[PDB]
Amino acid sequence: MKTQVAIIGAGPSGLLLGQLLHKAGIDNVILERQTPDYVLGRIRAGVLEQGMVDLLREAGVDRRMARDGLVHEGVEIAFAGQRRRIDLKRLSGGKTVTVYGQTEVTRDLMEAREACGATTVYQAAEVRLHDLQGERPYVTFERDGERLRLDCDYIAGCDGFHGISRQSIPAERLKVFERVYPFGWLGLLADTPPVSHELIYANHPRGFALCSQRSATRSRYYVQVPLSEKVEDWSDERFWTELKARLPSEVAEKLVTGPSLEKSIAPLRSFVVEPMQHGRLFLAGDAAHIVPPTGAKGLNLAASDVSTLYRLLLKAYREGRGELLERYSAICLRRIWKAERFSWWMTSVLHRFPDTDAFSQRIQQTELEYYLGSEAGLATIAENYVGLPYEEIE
């Protein structure tokens, strides 16, 4: 069995890359461990940068998004009994973000891939990568008891944080940068109208809270929660009471509550690996880096890694410029670090940390007052929030 580019993982990264590649004539095969249904079960992301919206358009999978997605020109930050609105559109010079669930984006790519007839092997068990440094690498896997081999020119590891691809690179060749935060996010999806037309990030003494949405009849809420927490400990009612206690009274009053459709806890982490490639293996998305959800950069960084990889692969196949692929890591890392820096900053000013001294609490409160009250402070948040420009390569 042979292809040009083998893609490990059918999450948004692998599907986007596969679609981009297909449209340009580069055959690719996606291998996924789970079932299409399991993949569609992950709620995750809700906020997309302008640049990701454009990439979706370029992959020609933007019909439903253009119809159902909500474009946002602002976002709110509540702290110490006051809400402050940041005009993204004004402050960033016209850019906005789009709220469209990750579940939907993934569904759209999956349908688009099916219609084109491109190869996708679900339940590909025991994926193993071989000859990463040879001129002919290959992937082996098992589909219903029998071991198959897939030959390729390149492998794009788009298998998330627990994928096999990063594990296939000699550990000595990698440099890991990581920070674990002493808390997680308890998220709740409900078939209720969101409490606001724009997102509200809230710093409250009891901990962080965030009011988000998926559509006009579907809401997504989060509350900062300690690591020791178990989801079965949080009834829908306890969640609503907790969420209401962290929000400004005039917002908590108009909140329409309801039974949860999904409830989960996600720990916050920062992770970056350098470089992001080895021989003919290139890492992309969560396989290469994790950012805490606070800045909504995860899925967005994956899109840029993918945009970069695709353009380099085109150059390599169509233009015979195979040497340009060595620049992959240098290029992605620049955007990754600025995004990690932004997510880190958002996380530190919005959450309540354990055993914080009086001085640090005061400095935290002051960062908010400063950045939210200065025209220049506002602009730093906004341009970062809508997403910094992709580099064009060459």
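In this text, residue numbers run from 1 along the sequence as written.
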| task | Using the B-factors recorded in the PDB entry, average over the C-alpha atoms of 129-137 and of 160-168, then report which stretch comes out higher. | result | 129-137
| task | Using the B-factors recorded in the PDB entry, average over the C-alpha atoms of 83-91 and of 274-282, then report which stretch comes out higher. | result | 83-91
| In the PDB entry, which of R269, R246, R147, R218 has its C-alpha at the highest B-factor? | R147
| field | Selection by C-alpha B-factor (highest) of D108, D153, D305, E253 | value | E253
| field | Chain-relative CA temperature factor third for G51 | value | middle
| remark: Among the modelled residues of its chain, the C-alpha B-factor of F239 falls in the third labelled middle
| query | Should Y122 be placed in the lowest, middle or highest third of its chain by the C-alpha B factor in the entry? | reply | middle
| message | Using the temperature factors of the C-alpha atoms in this entry, rank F359 within its chain: lowest, middle or highest third. | response | middle
| said: Ranking the modelled residues of this chain by C-alpha B-factor as given in the entry, is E232 in the lowest, middle or highest third? | reply: highest
